[PDB]
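Participant: My questions will all concern the structure given below.
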Amino acid sequence: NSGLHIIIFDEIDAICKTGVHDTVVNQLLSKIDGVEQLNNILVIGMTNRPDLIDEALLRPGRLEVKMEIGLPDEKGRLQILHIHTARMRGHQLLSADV
Amino acid sequence: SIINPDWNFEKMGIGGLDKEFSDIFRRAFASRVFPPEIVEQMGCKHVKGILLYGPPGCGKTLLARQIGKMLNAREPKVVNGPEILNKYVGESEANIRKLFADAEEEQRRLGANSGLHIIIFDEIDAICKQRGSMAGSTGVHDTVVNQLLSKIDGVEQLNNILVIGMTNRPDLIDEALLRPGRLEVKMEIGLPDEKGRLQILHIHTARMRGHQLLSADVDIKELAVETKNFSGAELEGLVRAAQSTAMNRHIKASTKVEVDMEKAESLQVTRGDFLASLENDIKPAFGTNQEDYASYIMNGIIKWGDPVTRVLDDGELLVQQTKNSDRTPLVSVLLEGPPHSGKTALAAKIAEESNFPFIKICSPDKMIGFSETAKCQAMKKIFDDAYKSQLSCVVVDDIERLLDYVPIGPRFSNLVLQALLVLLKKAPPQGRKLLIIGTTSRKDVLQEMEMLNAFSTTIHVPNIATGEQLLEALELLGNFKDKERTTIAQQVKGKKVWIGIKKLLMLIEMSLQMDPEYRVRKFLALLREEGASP
Ligand SMILES: Nc1ncnc2c1ncn2[C@@H]1O[C@H](COP(=O)(O)OP(=O)(O)OP(=O)(O)O)[C@@H](O)[C@H]1O
Ligand SMILES: Nc1ncnc2c1ncn2[C@@H]1O[C@H](COP(=O)(O)OP(=O)(O)O)[C@@H](O)[C@H]1O
Ligand SMILES: [Mg+2]
């Protein structure tokens with residue numbers, strides 16, 4: 001009985017690909033594989049090159065589910081601009097004409 | 001001794017593979033069970049490897065680990081094929097060298113008393129100077145497979161190794177790697193039949209039975225006769241998906257309804273979850289794909305007259321001939337007709353009504369922008385997959401577009417034509433059947449390219465040729481409110497109507513875009529304008 005630890009990683013594609021890559025990837029895989037049996041592992045990672053990452057990292061039980069973030073969205077762009085300009089209006093410095 | 005003479009392979013692992021074990025152990029490893037004294041007196045050497053091939057994910061590595069353990073061997077040293085390959089010069093071979101070190105040292109200090117080391121490979125075909133024969137430029141050095149051979153059997157001899165290799169494509173394995181003294185015993189791991197699909201299911205669901213989590217509703221014989229050509233990994237995924245869906249259902253239901261704790265603890269999965277997941281979640285790879293039919297038979301099949309029944313009956317007769325006859329295990333047929341006459345839908349229906357285990361459709365919609373060699377590779381892969389089932393049915397969607405035919409010139413690709421012409425006359429391995437259905441709109445061109453001599457029969461898909469047939473089709477399609485239909489019947493009594501069904505659908509839909517006044521005249525004008533005759 002314990003809480004969940006959330007370890008964030010960025011740019012996994014760089015390491016996944018001169019013999020250092022294989023050993024590093026295997027060392028990372030060792031813990032999640034099940035030998036170290038860690039049942040408290042939330043590994044939310046980030047990357048920009050889905051084609052330069054080992055598919056073993058996404059083998060069932062490794063990464064499983066994935067998602068991508070798209071354009072800022074026209075309505076989402078409106079919402080973010082609204083948030084920033086509301087922070088601005090917090091002191092009413094912004095002119096009403098805008 | 002290393003094992004009792006009768007061995008044992010069950011209930012601890014391997015499922016439907018029991019004959020395989022006895023076969024392999026009687027053929028090859030008979031030199032490690034006989035009393036050592038007679039083995040020494042005879043003076044015989046032991047085999048130095050074996051090869052296993054078959055479909056992907058059918059239970060090969062499990063057998064390798066079991067055979068390694070049951071010989072009283074050290075821990076296996078697994079390694080993957082494509083991973084040992086580097087762009088640097090002379091570094092794809094150091095990786096191969098770095099796997100025999102410990103065995104070398106142990107043989108060095110202790111001679112003729114060491115144990116056994118198993119060096120299980122995987123995708124052994126990646127390193128081979130034979131993939132370059134197929135169109136392309138991938139030479140893979142051809143030095144890699146000269147550093148592995150020189151270590152197994154060279155000037156220096158090792159007598160404490162056993163190399164086991166696995167591959168999916170047995171036709172790209174270099175020939176220098178199968179002579180006596182090297183990998184020298186082949187073996188096949190096929191798809192699991194009924195008894196295997198029963199044993200695997202029983203094995204994979206014992207835990208949930210132990211605690212009575214499973215309800216008494218679910219059986220296993222029913223689920224062992226519905227899953228046709230499933231591979232074991234698919235069965236495991238099916239069980240996992242059933243568990244997950246039942247869990248989600250129970251949490252959602254008990255949350256929405258403030259049920260008493262009695263059913264809240266209870267997490268029975270029942271059988272509804274099993275069927276739901278089976279019919280909605282898991283999609284086999286060597287079985288029927290019931291989803292894509294809805295993308296071809298979009299508006300059902302209407303019986304506007306006589307020809308439909310004739311075509312369907314002929315298809316039934318050919319299916320029956322291919323099912324239950326010998327001396328003729330390969331059968332072909334060709335459907336042809338004028339454009340927009342509905343040739344693809346009839347082919348899909350004929351294929352679907354066969355109830356075969358393996359059904360596949362090879363259409364050009366998924367080869368946009370492909371180079372011709374890619375088309376050849378895709379066709380060959382589909383046929384190879386079709387060769388691995390007792391009964392099969394492969395459809396070719398449009399033969400005039402696969403060749404890139406264009407009336408100017410004429411021009412087309414020769415490679416695809418020759419590949420198809422060779423593939424139409426190649427019998428499958430002994431004891432297996434097949435059926436091929438073509439489709440095209442230009443019979444004369446295929447007749448001219450000497451292609452109509454390879455097919456075994458032909459069927460004609462006629463067009464709407466009389467006013468009465470058009471009237472019946474319109475009546476069954478249910479439009480024009482039956483009062484404008486009287487005027488239509490009066491107008492179309494000429495009997496000089498030559499139109500296709502798909503074009504008829506398009507024309508009706510287009511004419512239905514006006515007010516009730518001008519609709520009939522617009523439709524009649526459109527029909528008259530497009531009223532070209534043979
Ligand atoms: N009796 C029928 N036979 C065939 N198709 C029918 C019939 N009744 C309705 N249809 C509908 O007609 C359409 C069949 O058109 P299809 O795509 O097969 O045309 P095609 O002649 O193969 O086309 P193309 O030559 O351009 O490749 C589908 O919508 C099918 O639902
Ligand atoms: N005969 C079988 N009985 C039980 N499980 C099996 C069987 N064959 C395969 N499996 C399952 O498949 C997985 C192993 O697949 P594997 O045979 O290693 O694929 P590959 O041949 O590509 O290496 C295991 O999780 C195992 O549970
Ligand atoms: Mg067509």
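Numbering starts fresh at 1 for the residues of each chain in the structure tokens, the chains themselves are lettered A, B, ... in the order given, and ligands are numbered from 1 as they appear.
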Near range 66-72 of chain A, counting only C-alpha atoms, which residues have an atom at most 10 Å away, once you skip same-chain residues fewer than 3 positions from it, shown as an MDAnalysis selection string?
Facilitator: chainID A and resid 44:48 58 63 75:80
Participant: Residues of the last selection are to be written out with N, CA, C and O atoms, as a PDB file, in the first residue's frame.
Facilitator:
ATOM      1  N   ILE A  44       5.264   9.122 -17.551  1.00  0.00           N
ATOM      2  CA  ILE A  44       4.693   9.970 -18.637  1.00  0.00           C
ATOM      3  C   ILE A  44       5.870  10.587 -19.384  1.00  0.00           C
ATOM      4  O   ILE A  44       6.535  11.458 -18.795  1.00  0.00           O
ATOM      5  N   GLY A  45       6.122  10.155 -20.621  1.00  0.00           N
ATOM      6  CA  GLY A  45       7.278  10.621 -21.410  1.00  0.00           C
ATOM      7  C   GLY A  45       6.870  11.550 -22.533  1.00  0.00           C
ATOM      8  O   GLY A  45       5.660  11.612 -22.824  1.00  0.00           O
ATOM      9  N   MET A  46       7.830  12.254 -23.133  1.00  0.00           N
ATOM     10  CA  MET A  46       7.569  13.189 -24.254  1.00  0.00           C
ATOM     11  C   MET A  46       8.567  12.898 -25.373  1.00  0.00           C
ATOM     12  O   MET A  46       9.648  12.381 -25.048  1.00  0.00           O
ATOM     13  N   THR A  47       8.202  13.144 -26.637  1.00  0.00           N
ATOM     14  CA  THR A  47       9.097  12.950 -27.768  1.00  0.00           C
ATOM     15  C   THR A  47       8.493  13.613 -28.997  1.00  0.00           C
ATOM     16  O   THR A  47       7.302  13.934 -29.033  1.00  0.00           O
ATOM     17  N   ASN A  48       9.339  13.816 -30.010  1.00  0.00           N
ATOM     18  CA  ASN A  48       8.928  14.447 -31.254  1.00  0.00           C
ATOM     19  C   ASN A  48       9.153  13.579 -32.484  1.00  0.00           C
ATOM     20  O   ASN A  48       8.702  13.958 -33.572  1.00  0.00           O
ATOM     21  N   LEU A  58       7.086   0.265 -26.666  1.00  0.00           N
ATOM     22  CA  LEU A  58       5.631   0.270 -26.728  1.00  0.00           C
ATOM     23  C   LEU A  58       5.065  -1.147 -26.819  1.00  0.00           C
ATOM     24  O   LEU A  58       3.875  -1.319 -27.094  1.00  0.00           O
ATOM     25  N   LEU A  63       4.681   0.709 -22.923  1.00  0.00           N
ATOM     26  CA  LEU A  63       4.044   2.049 -23.028  1.00  0.00           C
ATOM     27  C   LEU A  63       2.546   1.878 -23.267  1.00  0.00           C
ATOM     28  O   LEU A  63       1.812   2.666 -22.671  1.00  0.00           O
ATOM     29  N   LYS A  75     -10.704  28.038 -31.482  1.00  0.00           N
ATOM     30  CA  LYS A  75     -11.395  28.339 -30.233  1.00  0.00           C
ATOM     31  C   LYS A  75     -10.450  28.227 -29.041  1.00  0.00           C
ATOM     32  O   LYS A  75     -10.542  29.015 -28.094  1.00  0.00           O
ATOM     33  N   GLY A  76      -9.536  27.255 -29.066  1.00  0.00           N
ATOM     34  CA  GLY A  76      -8.535  27.177 -28.013  1.00  0.00           C
ATOM     35  C   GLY A  76      -7.598  28.371 -28.020  1.00  0.00           C
ATOM     36  O   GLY A  76      -7.198  28.869 -26.964  1.00  0.00           O
ATOM     37  N   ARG A  77      -7.225  28.834 -29.214  1.00  0.00           N
ATOM     38  CA  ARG A  77      -6.445  30.063 -29.330  1.00  0.00           C
ATOM     39  C   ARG A  77      -7.205  31.235 -28.722  1.00  0.00           C
ATOM     40  O   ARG A  77      -6.634  32.047 -27.979  1.00  0.00           O
ATOM     41  N   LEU A  78      -8.501  31.332 -29.025  1.00  0.00           N
ATOM     42  CA  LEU A  78      -9.335  32.363 -28.422  1.00  0.00           C
ATOM     43  C   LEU A  78      -9.316  32.261 -26.901  1.00  0.00           C
ATOM     44  O   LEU A  78      -9.180  33.272 -26.205  1.00  0.00           O
ATOM     45  N   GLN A  79      -9.439  31.044 -26.371  1.00  0.00           N
ATOM     46  CA  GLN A  79      -9.499  30.859 -24.923  1.00  0.00           C
ATOM     47  C   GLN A  79      -8.185  31.259 -24.257  1.00  0.00           C
ATOM     48  O   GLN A  79      -8.184  31.906 -23.202  1.00  0.00           O
ATOM     49  N   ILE A  80      -7.053  30.868 -24.845  1.00  0.00           N
ATOM     50  CA  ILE A  80      -5.763  31.206 -24.245  1.00  0.00           C
ATOM     51  C   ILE A  80      -5.527  32.712 -24.303  1.00  0.00           C
ATOM     52  O   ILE A  80      -5.037  33.317 -23.335  1.00  0.00           O
TER      53      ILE A  80
END
Participant: Find the residues near residue 35 in chain B: any atom within 10 Å, counting only C-alpha atoms, skip ones fewer than 5 places away on the same chain, and give them as a PDB file with N, CA and C atoms, in the first residue's frame.
Facilitator:
ATOM      1  N   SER B   1      21.340 -39.431 -15.897  1.00  0.00           N
ATOM      2  CA  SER B   1      20.264 -39.160 -16.843  1.00  0.00           C
ATOM      3  C   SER B   1      19.883 -37.685 -16.826  1.00  0.00           C
ATOM      4  N   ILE B   2      19.302 -37.218 -17.930  1.00  0.00           N
ATOM      5  CA  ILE B   2      18.831 -35.841 -18.026  1.00  0.00           C
ATOM      6  C   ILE B   2      17.312 -35.738 -17.937  1.00  0.00           C
ATOM      7  N   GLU B  40      30.100 -42.773 -24.900  1.00  0.00           N
ATOM      8  CA  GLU B  40      31.544 -42.614 -25.036  1.00  0.00           C
ATOM      9  C   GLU B  40      32.150 -43.754 -25.847  1.00  0.00           C
TER      10      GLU B  40
END
Participant: Name each residue within 9 Å of ligand 2, counting only C-alpha atoms and all ligand atoms, as a tab-separated table (two decimals) with C-alpha atoms, in the first residue's frame.
Facilitator:
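Listing of pocket15.tsv after writing:
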chain	number	residue	atom	x	y	z
B	13	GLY	CA	3.38	-23.96	-20.01
B	14	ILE	CA	3.10	-25.28	-23.55
B	15	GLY	CA	-0.48	-25.89	-24.62
B	16	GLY	CA	-1.51	-27.50	-27.90
B	17	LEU	CA	2.03	-28.65	-28.78
B	53	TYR	CA	9.72	-21.72	-38.39
B	54	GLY	CA	6.05	-20.85	-38.58
B	55	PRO	CA	3.51	-18.06	-38.17
B	56	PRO	CA	4.25	-15.16	-35.82
B	57	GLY	CA	3.16	-15.40	-32.20
B	58	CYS	CA	2.25	-19.10	-32.27
B	59	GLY	CA	4.33	-20.27	-29.30
B	60	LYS	CA	7.92	-20.80	-30.44
B	61	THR	CA	10.06	-19.14	-27.76
B	62	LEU	CA	8.22	-20.97	-24.97
B	63	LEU	CA	9.25	-24.30	-26.51
B	122	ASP	CA	15.52	-14.48	-33.12
B	166	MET	CA	13.74	-18.99	-35.12
B	167	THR	CA	12.44	-17.27	-38.25
B	168	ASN	CA	9.16	-16.33	-39.91
B	192	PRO	CA	-3.63	-24.56	-33.31
B	196	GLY	CA	-5.24	-26.64	-28.82
B	197	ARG	CA	-7.78	-23.82	-28.55
B	199	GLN	CA	-6.18	-26.51	-23.79
B	200	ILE	CA	-4.82	-22.96	-24.10
B	201	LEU	CA	-8.11	-21.47	-22.89
B	203	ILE	CA	-4.59	-22.99	-19.02
B	204	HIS	CA	-4.99	-19.22	-19.25
B	231	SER	CA	-3.25	-17.82	-32.56
B	232	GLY	CA	-2.42	-18.23	-28.89
B	233	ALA	CA	-1.46	-14.61	-28.31
B	234	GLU	CA	-4.91	-13.69	-29.64
B	235	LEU	CA	-6.52	-16.00	-27.07
B	236	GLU	CA	-4.52	-14.40	-24.24
Participant: Residues of range 239-375 of chain B in alpha helix (DSSP H) according to DSSP, as an MDAnalysis selection string?
Facilitator: chainID B and resid 239:256 261:265 272:280 307:323 343:352 372:375
Participant: Within 9 Å of ligand 3, counting only C-alpha atoms and all ligand atoms: which residues, as a VMD selection string?
Facilitator: chain B and resid 339 to 345 397 to 398 439 to 441
Participant: Would you export the selected residues with N, CA, C and O atoms as a compact mmCIF listing (two decimals), in the first residue's frame, please?
Facilitator:
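Below is the file that was written, out01.txt:
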# COMPACT_ATOMS: atom_id res chain seq x y z
N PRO B 339 -19.08 -1.13 -67.47
CA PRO B 339 -18.79 -0.36 -66.26
C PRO B 339 -20.06 0.04 -65.52
O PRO B 339 -21.13 0.19 -66.10
N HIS B 340 -19.92 0.20 -64.20
CA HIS B 340 -21.00 0.61 -63.31
C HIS B 340 -22.10 -0.43 -63.22
O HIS B 340 -23.24 -0.10 -62.87
N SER B 341 -21.80 -1.69 -63.53
CA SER B 341 -22.80 -2.75 -63.49
C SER B 341 -22.83 -3.50 -62.16
O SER B 341 -23.64 -4.42 -62.01
N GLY B 342 -21.97 -3.15 -61.21
CA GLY B 342 -21.98 -3.79 -59.91
C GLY B 342 -21.31 -5.15 -59.90
O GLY B 342 -21.96 -6.16 -59.62
N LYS B 343 -20.02 -5.18 -60.21
CA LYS B 343 -19.26 -6.43 -60.22
C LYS B 343 -18.58 -6.71 -58.89
O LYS B 343 -18.43 -7.88 -58.51
N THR B 344 -18.15 -5.67 -58.18
CA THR B 344 -17.47 -5.87 -56.91
C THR B 344 -18.42 -6.40 -55.84
O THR B 344 -18.06 -7.31 -55.08
N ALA B 345 -19.63 -5.85 -55.77
CA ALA B 345 -20.57 -6.27 -54.73
C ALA B 345 -20.92 -7.75 -54.87
O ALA B 345 -21.00 -8.47 -53.87
N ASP B 397 -9.56 -7.20 -56.71
CA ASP B 397 -10.67 -6.26 -56.85
C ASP B 397 -10.81 -5.77 -58.28
O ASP B 397 -11.90 -5.85 -58.87
N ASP B 398 -9.74 -5.24 -58.86
CA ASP B 398 -9.78 -4.64 -60.19
C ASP B 398 -8.45 -4.92 -60.89
O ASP B 398 -7.42 -4.36 -60.52
N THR B 439 -11.97 -9.84 -61.32
CA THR B 439 -12.93 -8.81 -61.68
C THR B 439 -12.27 -7.84 -62.64
O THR B 439 -11.09 -7.51 -62.48
N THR B 440 -13.03 -7.37 -63.63
CA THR B 440 -12.50 -6.46 -64.63
C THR B 440 -13.66 -5.94 -65.47
O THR B 440 -14.78 -6.45 -65.40
N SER B 441 -13.36 -4.91 -66.27
CA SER B 441 -14.35 -4.30 -67.15
C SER B 441 -13.95 -4.32 -68.62
O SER B 441 -14.76 -3.92 -69.47
Participant: What's the 6 Å shell around range 301-308 of chain B, counting only C-alpha atoms, without same-chain residues fewer than 3 positions away, as a ChimeraX atom specification?
Facilitator: /B:311,472-473
Participant: Could you write out the selected residues, including C-alpha atoms, as a short mmCIF file (atom, residue, chain, number, x, y, z; two decimals), in the first residue's frame?
Facilitator:
data_model
loop_
_atom_site.label_atom_id
_atom_site.label_comp_id
_atom_site.auth_asym_id
_atom_site.auth_seq_id
_atom_site.Cartn_x
_atom_site.Cartn_y
_atom_site.Cartn_z
CA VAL B 311 -24.60 -15.68 -61.01
CA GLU B 472 -39.17 -3.66 -61.07
CA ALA B 473 -35.86 -2.30 -59.76
#
Participant: Enumerate the residues of range 261-441 of chain B with a DSSP assignment of strand (DSSP E or B), computed from the backbone, and present them as a PyMOL selection string.
Facilitator: chain B and resi 330-333+335-336+358-362+392-396+406+411+434-437+440
Participant: Go ahead and write the residues just picked, C-alpha atoms, as a short mmCIF file (atom, residue, chain, number, x, y, z; two decimals), in the first residue's frame.
Facilitator:
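Saved as again_31.cif:
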data_model
loop_
_atom_site.label_atom_id
_atom_site.label_comp_id
_atom_site.auth_asym_id
_atom_site.auth_seq_id
_atom_site.Cartn_x
_atom_site.Cartn_y
_atom_site.Cartn_z
CA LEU B 330 -6.98 -24.86 -57.19
CA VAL B 331 -9.93 -23.16 -58.89
CA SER B 332 -10.27 -19.75 -60.55
CA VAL B 333 -13.07 -17.64 -62.04
CA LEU B 335 -16.38 -11.77 -63.54
CA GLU B 336 -16.65 -9.20 -66.33
CA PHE B 358 -9.85 -17.30 -44.31
CA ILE B 359 -11.20 -14.53 -46.57
CA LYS B 360 -9.10 -11.71 -48.00
CA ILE B 361 -9.64 -8.86 -50.46
CA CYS B 362 -6.71 -7.34 -52.37
CA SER B 392 -9.11 -19.93 -48.21
CA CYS B 393 -10.69 -17.35 -50.50
CA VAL B 394 -8.75 -14.44 -52.03
CA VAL B 395 -10.42 -11.75 -54.15
CA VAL B 396 -8.65 -9.46 -56.63
CA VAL B 406 -3.91 3.40 -70.30
CA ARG B 411 1.42 1.34 -71.50
CA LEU B 434 -7.81 -22.37 -52.46
CA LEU B 435 -10.19 -20.26 -54.54
CA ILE B 436 -9.55 -17.09 -56.54
CA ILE B 437 -12.11 -14.63 -57.92
CA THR B 440 -12.50 -6.46 -64.63
#
Participant: Within 10 Å of chain A, which residues belong to chain B? Use only C-alpha atoms and report them as an MDAnalysis selection string.
Facilitator: chainID B and resid 83:84 86:88 91 95
Participant: For CA of residue 533 in chain B and CA of residue 498 in chain B, determine how far apart the two atoms are, in Å to one decimal place.
Facilitator: 5.8 Å
Participant: Find, counting only C-alpha atoms and all ligand atoms, the residue in B:463, B:296, B:476, B:525 that gets nearest to ligand 1.
Facilitator: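 Of B:463, B:296, B:476, B:525, the one nearest ligand 1, counting only C-alpha atoms and all ligand atoms, is B:296.
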Participant: Need to verify the contact set: residue 3 in chain B, 8 Å, only C-alpha atoms, exclusion of same-chain residues closer than 2 positions in sequence. Can you return it as a PyMOL selection string?
Facilitator: chain B and resi 1+5+7+33+70-71
Participant: Only C-alpha atoms, please: the residues just picked out, written as a compact mmCIF listing (two decimals), in the first residue's frame.
Facilitator:
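Generated file (part38.txt):
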# COMPACT_ATOMS: atom_id res chain seq x y z
CA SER B 1 20.26 -39.16 -16.84
CA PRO B 5 12.52 -41.61 -21.34
CA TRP B 7 9.55 -36.76 -21.09
CA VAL B 33 19.55 -39.55 -22.80
CA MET B 70 14.69 -29.68 -19.40
CA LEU B 71 18.29 -30.48 -20.46
Participant: Suppose you want the space between CA of residue 424 in chain B and CA of residue 363 in chain B; what is it in Å?
Facilitator: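 A separation of 16.5 Å between them.
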Participant: Residues within 12 Å of residue 57 in chain A, please, as an mmCIF file with N, CA and C atoms, in the first residue's frame. Count only C-alpha atoms; anything in the same chain fewer than 4 positions from it doesn't count.
Facilitator:
data_model
loop_
_atom_site.group_PDB
_atom_site.id
_atom_site.type_symbol
_atom_site.label_atom_id
_atom_site.label_comp_id
_atom_site.auth_asym_id
_atom_site.auth_seq_id
_atom_site.Cartn_x
_atom_site.Cartn_y
_atom_site.Cartn_z
ATOM 1 N N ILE A 12 12.860 11.048 -25.538
ATOM 2 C CA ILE A 12 13.263 9.615 -25.471
ATOM 3 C C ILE A 12 13.864 9.227 -26.820
ATOM 4 N N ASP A 13 13.427 9.853 -27.914
ATOM 5 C CA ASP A 13 13.889 9.473 -29.245
ATOM 6 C C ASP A 13 15.398 9.618 -29.387
ATOM 7 N N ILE A 15 17.808 8.886 -27.254
ATOM 8 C CA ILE A 15 18.580 7.765 -26.726
ATOM 9 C C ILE A 15 18.275 6.479 -27.486
ATOM 10 N N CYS A 16 17.071 6.352 -28.039
ATOM 11 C CA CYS A 16 16.662 5.130 -28.728
ATOM 12 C C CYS A 16 17.143 5.192 -30.173
ATOM 13 N N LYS A 17 18.098 4.333 -30.515
ATOM 14 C CA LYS A 17 18.607 4.247 -31.880
ATOM 15 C C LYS A 17 19.494 3.018 -32.046
ATOM 16 N N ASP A 22 21.733 0.657 -27.099
ATOM 17 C CA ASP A 22 21.121 -0.619 -26.739
ATOM 18 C C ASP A 22 21.215 -0.866 -25.239
ATOM 19 N N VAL A 25 18.870 1.494 -23.316
ATOM 20 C CA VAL A 25 17.473 1.098 -23.461
ATOM 21 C C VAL A 25 17.180 -0.136 -22.619
ATOM 22 N N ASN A 26 18.087 -1.115 -22.630
ATOM 23 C CA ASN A 26 17.874 -2.319 -21.833
ATOM 24 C C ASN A 26 17.881 -2.003 -20.342
ATOM 25 N N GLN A 27 18.785 -1.124 -19.907
ATOM 26 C CA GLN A 27 18.811 -0.732 -18.504
ATOM 27 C C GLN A 27 17.495 -0.084 -18.098
ATOM 28 N N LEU A 28 16.956 0.792 -18.951
ATOM 29 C CA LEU A 28 15.656 1.385 -18.650
ATOM 30 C C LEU A 28 14.562 0.324 -18.608
ATOM 31 N N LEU A 29 14.562 -0.599 -19.574
ATOM 32 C CA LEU A 29 13.534 -1.633 -19.630
ATOM 33 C C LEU A 29 13.594 -2.594 -18.454
ATOM 34 N N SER A 30 14.755 -2.734 -17.815
ATOM 35 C CA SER A 30 14.905 -3.757 -16.784
ATOM 36 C C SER A 30 13.875 -3.585 -15.672
ATOM 37 N N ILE A 32 10.880 -1.840 -15.488
ATOM 38 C CA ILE A 32 9.449 -1.970 -15.882
ATOM 39 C C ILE A 32 9.185 -3.412 -16.329
ATOM 40 N N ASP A 33 10.205 -4.155 -16.783
ATOM 41 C CA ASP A 33 9.987 -5.500 -17.304
ATOM 42 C C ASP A 33 9.250 -6.369 -16.294
ATOM 43 N N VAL A 43 5.151 6.540 -15.689
ATOM 44 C CA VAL A 43 6.227 7.097 -16.562
ATOM 45 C C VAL A 43 5.596 7.843 -17.736
ATOM 46 N N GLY A 45 6.122 10.155 -20.621
ATOM 47 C CA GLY A 45 7.278 10.621 -21.410
ATOM 48 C C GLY A 45 6.870 11.550 -22.533
ATOM 49 N N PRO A 50 8.386 9.865 -33.495
ATOM 50 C CA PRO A 50 7.871 8.508 -33.246
ATOM 51 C C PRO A 50 8.581 7.429 -34.047
ATOM 52 N N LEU A 52 11.881 7.215 -34.493
ATOM 53 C CA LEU A 52 13.215 6.995 -33.948
ATOM 54 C C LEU A 52 13.137 6.523 -32.501
ATOM 55 N N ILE A 53 12.107 5.741 -32.189
ATOM 56 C CA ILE A 53 11.937 5.134 -30.876
ATOM 57 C C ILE A 53 11.702 3.643 -31.061
ATOM 58 N N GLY A 61 2.543 -3.776 -22.241
ATOM 59 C CA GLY A 61 3.088 -3.728 -20.904
ATOM 60 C C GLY A 61 4.227 -2.747 -20.717
ATOM 61 N N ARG A 62 4.673 -2.111 -21.803
ATOM 62 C CA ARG A 62 5.815 -1.163 -21.774
ATOM 63 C C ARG A 62 5.254 0.263 -21.798
ATOM 64 N N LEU A 63 4.681 0.709 -22.923
ATOM 65 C CA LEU A 63 4.044 2.049 -23.028
ATOM 66 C C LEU A 63 2.546 1.878 -23.267
ATOM 67 N N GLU A 64 2.123 0.909 -24.095
ATOM 68 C CA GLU A 64 0.720 0.645 -24.396
ATOM 69 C C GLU A 64 0.028 1.803 -25.109
ATOM 70 N N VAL A 65 -0.450 2.790 -24.353
ATOM 71 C CA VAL A 65 -1.322 3.837 -24.874
ATOM 72 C C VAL A 65 -0.491 5.077 -25.173
ATOM 73 N N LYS A 66 -0.887 5.809 -26.212
ATOM 74 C CA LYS A 66 -0.173 6.992 -26.671
ATOM 75 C C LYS A 66 -1.171 8.060 -27.097
#
Participant: Could you list, as a list in words, every residue within 10 Å of residue 131 in chain B, counting only C-alpha atoms and ignoring same-chain residues fewer than 3 positions away?
Facilitator: residues 125, 126, 127, 128, 134, 135, 136, 137, 138, 139, 140, 171, 172, 173 and 174 of chain B
Participant: Export, as a compact mmCIF listing (two decimals), in the first residue's frame, the selected residues with N, CA, C and O atoms.
Facilitator:
# COMPACT_ATOMS: atom_id res chain seq x y z
N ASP B 125 16.97 -14.44 -40.02
CA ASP B 125 17.07 -14.14 -41.44
C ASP B 125 17.54 -12.72 -41.72
O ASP B 125 17.85 -12.41 -42.88
N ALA B 126 17.60 -11.86 -40.71
CA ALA B 126 18.03 -10.48 -40.94
C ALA B 126 19.47 -10.43 -41.45
O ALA B 126 19.81 -9.58 -42.28
N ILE B 127 20.32 -11.33 -40.97
CA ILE B 127 21.72 -11.39 -41.36
C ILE B 127 21.86 -12.49 -42.40
O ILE B 127 22.09 -13.66 -42.06
N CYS B 128 21.74 -12.13 -43.68
CA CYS B 128 21.84 -13.12 -44.75
C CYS B 128 22.08 -12.46 -46.10
O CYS B 128 21.35 -11.54 -46.48
N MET B 134 15.98 -10.51 -54.08
CA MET B 134 14.72 -9.82 -54.34
C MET B 134 15.00 -8.36 -54.68
O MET B 134 15.91 -7.73 -54.13
N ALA B 135 14.20 -7.82 -55.61
CA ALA B 135 14.44 -6.49 -56.17
C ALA B 135 14.75 -5.45 -55.10
O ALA B 135 13.98 -5.28 -54.15
N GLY B 136 15.87 -4.76 -55.25
CA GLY B 136 16.30 -3.74 -54.32
C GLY B 136 17.80 -3.78 -54.15
O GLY B 136 18.49 -4.52 -54.85
N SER B 137 18.30 -2.98 -53.21
CA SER B 137 19.73 -2.92 -52.91
C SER B 137 19.90 -2.96 -51.39
O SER B 137 19.99 -1.95 -50.70
N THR B 138 19.96 -4.18 -50.85
CA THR B 138 20.24 -4.42 -49.43
C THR B 138 21.17 -5.64 -49.36
O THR B 138 20.72 -6.78 -49.30
N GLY B 139 22.48 -5.37 -49.36
CA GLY B 139 23.47 -6.43 -49.38
C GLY B 139 23.87 -6.98 -48.03
O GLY B 139 24.52 -8.02 -47.98
N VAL B 140 23.48 -6.30 -46.95
CA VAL B 140 23.81 -6.70 -45.58
C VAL B 140 25.23 -7.25 -45.51
O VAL B 140 25.47 -8.29 -44.89
N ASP B 171 12.21 -18.94 -46.53
CA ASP B 171 12.71 -18.92 -47.90
C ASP B 171 13.81 -17.89 -48.13
O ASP B 171 14.28 -17.76 -49.26
N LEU B 172 14.23 -17.17 -47.09
CA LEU B 172 15.34 -16.23 -47.19
C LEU B 172 16.53 -16.65 -46.34
O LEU B 172 17.40 -15.82 -46.04
N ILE B 173 16.59 -17.91 -45.93
CA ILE B 173 17.67 -18.42 -45.10
C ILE B 173 18.82 -18.85 -46.00
O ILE B 173 18.62 -19.64 -46.93
N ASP B 174 20.01 -18.32 -45.73
CA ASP B 174 21.16 -18.62 -46.57
C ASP B 174 21.42 -20.12 -46.61
O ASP B 174 21.21 -20.83 -45.62
Participant: Check the smallest atom-to-atom distance from each of A:36, A:31, A:98, A:4 to residue 82 in chain A using only C-alpha atoms, then report the winner.
Facilitator: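 Counting only C-alpha atoms, the residue closest to residue 82 in chain A is A:98.
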